[PDB]
Amino acid sequence: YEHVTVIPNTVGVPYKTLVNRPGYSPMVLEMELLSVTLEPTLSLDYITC
Amino acid sequence: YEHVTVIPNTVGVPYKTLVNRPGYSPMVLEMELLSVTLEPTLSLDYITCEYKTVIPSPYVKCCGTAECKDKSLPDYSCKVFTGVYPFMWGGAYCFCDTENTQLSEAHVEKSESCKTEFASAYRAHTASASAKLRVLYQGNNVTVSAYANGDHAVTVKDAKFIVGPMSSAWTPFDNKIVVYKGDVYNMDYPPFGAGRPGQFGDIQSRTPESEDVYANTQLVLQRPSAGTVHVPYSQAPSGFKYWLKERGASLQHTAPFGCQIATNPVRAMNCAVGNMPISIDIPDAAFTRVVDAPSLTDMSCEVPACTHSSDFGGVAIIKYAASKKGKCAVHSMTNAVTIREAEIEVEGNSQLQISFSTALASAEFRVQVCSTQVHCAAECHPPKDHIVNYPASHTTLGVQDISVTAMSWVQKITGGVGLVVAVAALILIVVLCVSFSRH
Ligand SMILES: CCCCCCCC/C=C/CCCCCCCC(=O)OC[C@H](COP(=O)(O)OCC[N+](C)(C)C)OC(=O)CCCCCCC/C=C/CCCCCCCC
């Protein structure tokens with residue numbers, strides 16, 4: 001059962017989301033962003049020494 | 001005690017029936033059709049096969065002219081060609097350069113493959129239905145097989161079953177059918193002895209072992225090439241071989257109602273048309289006195305969750321208080337809702353769970369445990385899967401006005417419009433009364 005949810009991008013703060021499906025008992029998932037990384041693609045221009 | 005009921009002819013879908021004999025605890029029987037077979041009566045018109053052209057070695061008459069003979073062979077042809085100068089390997093065959101004739105002659109016959117490779121052209125009169133049924137009786141599955149003509153009652157476990165007759169005479173075979181070996185086709189083959197050349201039926205025979213053969217292949221003899229001792233001819237190619245390539249799709253792949261076709265004998269299996277009248281006779285020893293049966297009071301029913309998903313997508317929980325321990329019949333008194341369970345064990349003060357299938361988006365129905373019924377209702381969600389590999393267990397949604405609760409919107413709008421119309425009519429009639437009093 002695909003369940004799309006949105007949590008704020010804050011790191012280290014747990015967020016509880018409710019996964020509810022008819023015929024099945026509701027499920028709650030506790031999730032917590034441990035780390036988020038942004039990796040720029042670099043195109044070196046020149047080296048200075 | 002004898003009971004009669006009618007079930008839809010759909011194969012593989014169980015149905016529940018209620019046997020409410022007065023003075024006894026009601027009994028619920030479940031019957032499911034395992035297979036339904038139609039086997040038409042066949043009369044063999046003729047057979048077709050590949051022909052062979054029998055050519056005797058030509059008679060080349062040296063220094064003279066031969067004469068055409070005559071006989072009654074299937075497609076006998078004879079022609080005398082004059083002016084031939086045939087050559088064999090060692091030199092000319094005829095002494096003189098001319099005044100020679102060749103007596104070419106040929107006929108046709110059944111091949112030797114007609115014992116194995118043939119197509120039978122039948123005439124299907126009428127079907128003799130026969131059904132094999134599985135009935136859940138006394139909490140036991142017992143398989144009952146019998147003819148479906150409404151007669152030929154069969155007895156198992158002291159019960160007497162009579163099944164049929166078919167509610168519909170529909171059959172997937174026309175009057176004229178042909179069977180190759182496993183396939184059957186609905187085709188209108190030519191009359192025996194009137195078959196066209198180069199088409200199915202160019203050579204016919206009453207039986208594969210018969211000797212008399214009709215063959216119309218327009219065999220025409222042709223003039224032999226100069227200096228050759230052959231017998232050329234022009235003939236329409238075998239129509240049976242042409243048919244084999246251009247057969248098309250058999251009845252097994254084109255029949256409606258999801259029919260299945262077999263052979264030896266030819267049958268039509270699982271025709272999903274009509275309904276099956278079935279009558280059951282049960283011994284009095286099977287029933288129980290209503291007093292001796294457990295009695296149930298203080299029944300409450302709730303639906304924790306439900307879904308109209310064609311596969312018992314709903315569950316109902318029923319609380320109850322029982323007089324004594326014993327089996328009890330569960331029956332849904334609403335065609336729109338089908339309940340899987342048939343009988344249940346009941347004891348003390350406890351609760352029991354049942355599963356039901358429905359098409360209503362809002363379920364409202366009365367479940368009748370033995371001798372006592374309870375109202376039940378809840379909302380049904382729609383399922384997520386679009387397609388499934390099995391038929392719907394429940395019946396159709398409903399032939400009439402089974403729209404869901406939250407039709408309260410319809411009630412509200414209709415009531416408001418009716419109130420406005422009633423107010424307008426009242427104003428009209430009061431002013432009419434006032435104006436009619438005035439004079
Ligand atoms: C001044 C103007 C006058 C002009 C007159 C207008 C005439 C127009 C009409 C002609 C009628 C058209 C019918 C077409 C033929 C269909 C036949 C059919 O094949 O019939 C399908 C079935 C009916 O079965 P039957 O009874 O005939 O079979 C029993 C048969 N016998 C009775 C013989 C035993 O139909 C079903 O079952 C399907 C069930 C599906 C139910 C759909 C529910 C739709 C509900 C919508 C509600 C909207 C939400 C409200 C929200 C409002 C908020 C404000």
Non-local amide H neighbours of B:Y76 (under 5 Å, H modeled in plane, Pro and chain starts lacking H): which ones?
-> B:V108
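Quick one: divide the alpha-carbon radius of gyration of segment B:80-140 by 2.2 N^0.38 Å and tell me what you get.
3.12
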What helix-only [θ] at 222 nm does chain B give? Using -39500 (n - 2.57) per DSSP H run of at least 4, over all residues, to the nearest 500, the answer is -3000 deg cm²/dmol
Net length gained if the chain between B:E99 and B:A262 were fully extended (0.36 nm per residue, minus Cα distance) | 52.4 nm
Sequence neighbours fewer than 8 away in the same chain don't count; with that in mind, list the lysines whose C-alpha is under 17 Å from B:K69.
-> B:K61, B:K79
Scoring chain B by relative contact order with C-alpha pairs under 8 Å, at least six apart, yields a percentage of 16 percent
Report the relative contact order of segment B:1-51, percent, no decimals, based on alpha-carbon pairs under 8 angstrom and at least 6 residues apart.
-> 30 percent
Name the chymotrypsin sites (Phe, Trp or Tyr not before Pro) in segment A:1-46 that are in a loop by DSSP and that have at most 16 other C-beta atoms within 10 Å, would you?
-> A:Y1, A:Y46
Hand me the trypsin sites (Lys or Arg not before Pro) from segment B:1-68 located in a DSSP loop with no more than 15 other Cβ atoms within 10 Å, in residue order please.
-> none
Reach of B:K319 by Cα under 18 Å, taken over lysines that are not fewer than 8 positions away in the same chain | B:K327
Return the sequence-ordered ³J(HN,Hα) values of segment B:99-115 in whole Hz as given by the Karplus equation 6.51 cos²θ - 1.76 cosθ + 1.60 applied to θ = phi - 60°, using x for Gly and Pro.
-> 6, 10, 9, 10, 9, 7, 7, 7, 9, 10, 8, 4, 6, 8, 7, 5, 6
So how do B:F87, B:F173 line up by other beta-carbon neighbours within 10 Å, fewest first?
-> B:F87, B:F173
Place a point 7 Å from the Cα of B:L397 in the direction of its beta carbon; the residues of segment B:326-363 whose amide N falls under 13 Å from it are B:359-362
To the nearest Å, what is the center-to-center distance of segment B:302-325 and segment B:54-100, using C-alpha atoms only?
-> 94 Å
Pull up the cross-link candidates among the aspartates and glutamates for B:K176, meaning alpha carbon to alpha carbon under 13 Å and not fewer than 8 places away within one chain.
-> B:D45, B:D188
Based on Cβ point charges of +1 for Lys and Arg and -1 for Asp and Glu, what charge dipole magnitude is obtained for segment B:298-344 about its Cα centre, in debye rounded to the nearest 20?
-> 240 debye
For the pairs B:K71/B:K115; B:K132/B:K324; B:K157/B:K324, note any where the Cα-Cα span goes beyond 31 Å.
-> B:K132/B:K324
Within segment A:1-20: backbone nitrogen closer than 18 Å to the A:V36 label point (7 Å, Cα to C-beta) = A:4-17
With a Förster distance of 45 angstrom and the Cβ-Cβ distance between A:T10 and B:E302, calculated FRET efficiency to the nearest 0.05 equals 0.60
For chain B, built as a Gaussian network whose Cα springs stay under 10 Å, the top-fluctuating residue of B:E302, B:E345, B:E364 | B:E345
If one compares the long axis through the Cα atoms of helix B:408-437 with the longest principal axis of the Cα atoms of chain B, the angle in degrees, nearest 10, works out at 70 degrees
Segment B:330-424: trypsin sites (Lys or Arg not before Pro) falling in loop per DSSP and having at most 12 other Cβ within 10 Å = B:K384
Length-normalised contact order of segment B:282-439, Cα under 8 Å, at least 6 apart, in percent, tallies to 22 percent
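Every read-out reported here was derived from the displayed coordinates using simple, explicitly stated rules and does not represent laboratory data. Here the Cβ is made from the backbone with ideal geometry for all residues, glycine too, and neighbour counts use every protein chain on show.
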